[PDB]
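Before any comments, here is the structure.
The values are calculated or read from the model by the stated rules, or taken from the named source; nothing here is a laboratory result. With ideal geometry, Cβ positions are generated from the backbone for all residues, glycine too; neighbour counts draw on all protein chains shown.
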Amino acid sequence: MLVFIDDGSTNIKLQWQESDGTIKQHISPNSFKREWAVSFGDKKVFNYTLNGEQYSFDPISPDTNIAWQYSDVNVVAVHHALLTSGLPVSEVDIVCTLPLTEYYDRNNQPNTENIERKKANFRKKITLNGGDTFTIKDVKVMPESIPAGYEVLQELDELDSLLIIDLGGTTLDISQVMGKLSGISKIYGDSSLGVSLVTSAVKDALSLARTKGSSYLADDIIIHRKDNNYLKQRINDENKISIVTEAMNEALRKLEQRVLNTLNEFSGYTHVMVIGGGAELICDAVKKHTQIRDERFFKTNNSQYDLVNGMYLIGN
Amino acid sequence: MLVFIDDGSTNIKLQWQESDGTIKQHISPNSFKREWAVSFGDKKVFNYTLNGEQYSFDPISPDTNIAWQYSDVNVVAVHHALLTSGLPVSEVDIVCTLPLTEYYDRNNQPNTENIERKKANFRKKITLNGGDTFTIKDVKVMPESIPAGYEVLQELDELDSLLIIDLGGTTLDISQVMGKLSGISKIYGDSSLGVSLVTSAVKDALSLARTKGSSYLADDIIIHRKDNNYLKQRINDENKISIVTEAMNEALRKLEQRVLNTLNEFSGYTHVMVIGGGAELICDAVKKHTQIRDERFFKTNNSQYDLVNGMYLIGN
Amino acid sequence: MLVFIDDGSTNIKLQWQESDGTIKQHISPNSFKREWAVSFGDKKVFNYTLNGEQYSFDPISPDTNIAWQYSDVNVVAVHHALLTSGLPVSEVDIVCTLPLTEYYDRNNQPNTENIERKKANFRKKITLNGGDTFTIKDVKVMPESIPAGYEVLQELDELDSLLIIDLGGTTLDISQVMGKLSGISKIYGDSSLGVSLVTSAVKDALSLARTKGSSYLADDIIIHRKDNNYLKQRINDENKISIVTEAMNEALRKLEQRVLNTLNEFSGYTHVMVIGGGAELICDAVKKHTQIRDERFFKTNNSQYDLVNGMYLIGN
């Protein structure tokens, strides 16, 4: 079994193909705490032991990004993603990830130590309380932006170029790739903002415990921000709805504000693709800004999985 | 009379100066129950009435942190600390405290409502059974980490920076301050762990009533964990000694595990200081990790009072 | 009040004259982030709101150049420079700048849209948290290289010519001007390299956060690169000192390598002047190369302010 895993620090995206040929996609959050969760009978808990420490999954408080890729939690979050993927527990080969400006140097040349360190990380032994864990055998690396735009690039003429805009949890990366992946025109990495900007705006708009715990609430609000029906039910307070909406919009305005300034650094692209968890949040602005024709603008309603699905399709 | 009071939710630390110029330090625990304690003649009891409720000091069961700063118990715990400080009962002016991430906003800019709410709290009338209570007149606020490192910072060159590591009862906060308090380089607040981790590990290692009552026992064990002589006398059971020691060490390993990961978020510091009640518990690890020279590593054997002593020295 | 402002994208240089006739010079960095910095009491913060967005000054990570001249940050960086200049907050008239190859066309003829766009930029409303901002009323444009060499040119005979070498943050511009500003002999604009080359070499030599934040550290090292005493104190690691010095020198060798090739494009000059932030870094090489006599070679120890001081002297 081969599983493609885009283990981002906000969400882990999984992709693999079944015996019947169907291609599966899964997303598991990076929400864990350094202690087992106790259950007296009604709550199903995931209690892990990674090196010596015990960990457990849970909707904790949202609080390095880079350090995380080689952390014990990363390993736990990945196994957990496997365990909750629906896949049968087994030995598995995986392909994981390390960002555009990390994979490529300043001259857009692919950039050993970090890579072997990444591989070595899944060499850590994990155990699940009252259950069995998958066995990670072989562990390939792919750049982030590119795999998501590949099936479109195949169709592009060598002279046209896809502008890929990825809005992640804590970074916004934009790249411009020549048709038929015949070259990387430009890469712009910006680790100063991501969806977490909006997330924290919501956790504050509603005095919310700044922990991964409330991240599910914050997410529901951001996602259903245009449906007052949903908002009313999720938020039992009428006053807090107008407030969260104002705070949510200023944060959104900041996102759109920046992606737009950055797009002015790119020119000559013929096609546009928006990916990442927050793709939906800046989609309209960039479409408007770039003024690219509908048939050349790419977006999906599963944006957080566009990368790992693209990776899956390439190396399946 | 002016008393500097660092009223933490685990221990209240007092600092003030006498007529003869000697600077005094006192520590009183936050151990109270909602009911008067009855004494028929041999036990001295402290029975208070705060708003309408009666409270009494006692070694209760260890069981919000934030809510506590504006609670009726806080007021009681402070008065009690005054009453047991050795100071003569009188009208007094005080300086109390509110944490690094509360005192400073995200841009390390000092952060009104909470502050006035804090002051207003000591406006609550208290009475002592068979005795007189101090009278709290004026009530200044200081950030937590900084005051403890100030007298060292004065000696530091504007380019060097002190890394202050505070291990409290339920949180671990680390900050990096530029020499001569010429700027705050970084603040890392982590409310997920504190000494209470070890404390609860001990109360469980010895089926102990999880209440502030046994906290004195748990404390004695943690403190004398390296002296089998003391442990044997405090623990009449030989078997429970090896057990408590194993549970105590796993908890310690977790503390050291985390402070170390966090220190990897800090860089460029030239001096290191460890403070807070649990300073002694992570002292060796951070010294080893940071590999700072002995003459630049700061620790005391009164760590729980480093903050209030520092506050005392500044605003005496 | 009239202030001459050379707002470069690395450093803003200010020049103006006081009532008592003394001519003042100030330099403020272009270091800001898109979010207010929070202070709980010890750090003085500068929190701005420019159009709708909030900005704050801070030593951020070093990451268009051209786009910056018409950006909201530019406005913020200028106001901030005014606020920290020592000047009393007031309504002020300013003269700002737009580079040699922008001010002059290919035939060295002065080159409307950009100019009005520049002026219009300071028309943006700004506010300071807990403070008042200056009021920008009238907003003249001067070429970059020339103003710095004017007081020397006045003394030059119409046949002699000053070779002005400006090493800025991201560009190196050289021009040759006839005595008594009687004509521009040649202009060579090179936007491929600047001091940022050395800067990034240092941030990498010391795994440093590539952000404007560490720019102050990188700067201190470059400036004190010949004093091991300073380097030892600024760098607590002995090993990192030899490394940063080797990386710093290769970058310097590249700078000297290029200015020298470029100087071979110029001939007939009788006097030489080196200006800009990095003047100090290539000063020795060009002096050696051109072999101009000491009394005809011009350099100062305030090179980053030579341009705005020259502008000040002309239009005061």
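Key figures
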| quantity | calculated |
| --- | --- |
| Residue tally, condition more than 21 Å from the chain's Cα centre (by Cα) and among the β-branched types (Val, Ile, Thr), over region B:112-165 | 6 |
| Residue list for region B:273-292, restricted to those being at negative phi and within 11 Å of another protein chain (Cβ to nearest Cβ) | B:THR290, B:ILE292 |
| For B:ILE146: the one exception among (1) within 14 Å of chain C (Cβ to nearest Cβ); (2) touching an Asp or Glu at 6+ places or on another chain (Cβ under 8 Å); (3) within 23 Å of B:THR49 (Cα to Cα) | (3) |
| Evaluation of B:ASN249 against (1) surrounded by fewer than 18 Cβ atoms within 10 Å (Cβ to Cβ); (2) on the phi > 0 side of the Ramachandran plot (one fails), failing number | (2) |
| Any hit, region B:131-145, residues being out of contact with any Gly (no Cβ under 8 Å at 6 or more places or on another chain) and under 30 Å from C:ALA218 (Cα atoms) | yes |
| Flag if B:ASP237 is of a type in the set (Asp, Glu) and in a helix (DSSP H, G or I) | no |
| Residue count, region A:14-35 (criterion: among the hydroxyl-bearing types (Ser, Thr, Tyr) and surrounded by fewer than 19 Cβ atoms within 10 Å (Cβ to Cβ)) | 2 |
| Residues within region A:238-269 that are touching a strand residue (DSSP E or B) at 6+ places or on another chain (Cβ under 8 Å) and more than 10 Å from every other protein chain (Cβ to nearest Cβ), tallied | 6 |
| Flag for A:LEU255 being within 18 Å of the chain's Cα centre (by Cα), in the same structural domain as A:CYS96 (by CATH) and crowded, with 16+ Cβ neighbours inside 10 Å | no |
| Residue match in region C:200-211 (condition: assigned to a helix (DSSP H, G or I), of a type in the set (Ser, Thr, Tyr), outside the structural domain of C:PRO29 (by CATH) and farther than 23 Å from B:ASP157 by Cα) | yes |
| Only listed residue being closer than 23 Å to C:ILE5 by Cβ and of a type in the set (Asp, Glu), chosen from C:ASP294, C:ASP237, C:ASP284, C:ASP219 | C:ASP219 |
| Of all residues in region B:174-205 being touching a strand residue (DSSP E or B) at 6+ places or on another chain (Cβ under 8 Å) and of a type in the set (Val, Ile, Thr), the one that is nearest to the other protein chains (Cβ to nearest Cβ) | B:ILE184 |
| Top-ranked residue in region A:105-121 [being part of a loop (DSSP other than H, G, I, E, B) and touching a strand residue (DSSP E or B) at 6+ places or on another chain (Cβ under 8 Å); ranked as surrounded by the most Cβ atoms within 10 Å (Cβ to Cβ)] | A:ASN108 |
| Which numbered condition C:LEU208 misses (of (1) within 11 Å of another protein chain (Cβ to nearest Cβ); (2) among the aliphatic types (A, V, I, L, M); (3) touching a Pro at 6+ places or on another chain (Cβ under 8 Å)) | (3) |
| Residue pairs meeting the criteria (Cβ under 8 Å; at least 6 apart or on separate chains; first within 11 Å of chain C (Cβ to nearest Cβ) and under 26 Å from C:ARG234 (Cβ atoms), in region B:156-171; second of a type in the set (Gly, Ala, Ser) and in a strand (DSSP E or B)) | B:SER161/B:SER185 |
| Output for region C:296-313, where each listed residue is touching a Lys or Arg at 6+ places or on another chain (Cβ under 9 Å) and within 15 Å of C:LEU281 (Cβ to Cβ) | C:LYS299, C:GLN304, C:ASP306 |
| Every residue from region A:36-55 that is surrounded by 19 or more Cβ atoms within 10 Å (Cβ to Cβ) and either out of contact with any helix residue (DSSP H, G or I) (no Cβ under 9 Å at 6 or more places or on another chain) or of a type in the set (A, V, I, L, M) (or both) | A:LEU50 |
| C:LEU260 buried (at least 16 other Cβ atoms within 10 Å of the Cβ) and either part of a helix (DSSP H, G or I) or hydrophobic (A, V, I, L, M, F, W, C) (or both) | no |
| Whichever residue in region C:52-74 is in contact with a strand residue (DSSP E or B) (Cβ under 7 Å, 6 or more places away or on another chain) and polar (S, T, N, Q) and, among such residues, is farthest from the other protein chains (Cβ to nearest Cβ) | C:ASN74 |
| Residue that is surrounded by the most Cβ atoms within 10 Å (Cβ to Cβ) [pool: residues in region A:181-224 that are closer than 17 Å to A:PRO59 by Cα and basic (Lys, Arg)] | A:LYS203 |
| Pick from region C:36-51, criterion of a type outside the set (S, T, N, Q) and facing another protein chain (nearest Cβ under 7 Å), ranking: nearest to B:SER185 (Cα to Cα) | C:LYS43 |
| Enumeration of residues in region B:59-78 that are buried (at least 18 other Cβ atoms within 10 Å of the Cβ) and farther than 21 Å from B:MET142 by Cβ | B:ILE60, B:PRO62, B:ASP72, B:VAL73, B:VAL76 |
| Subset tally (residues that are among the basic types (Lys, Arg) and within 14 Å of another protein chain (Cβ to nearest Cβ)) for region C:4-35 | 2 |
| Selection count where residues are of a type in the set (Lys, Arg) and over 28 Å from A:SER196 (Cα atoms), scope region A:7-43 | 1 |
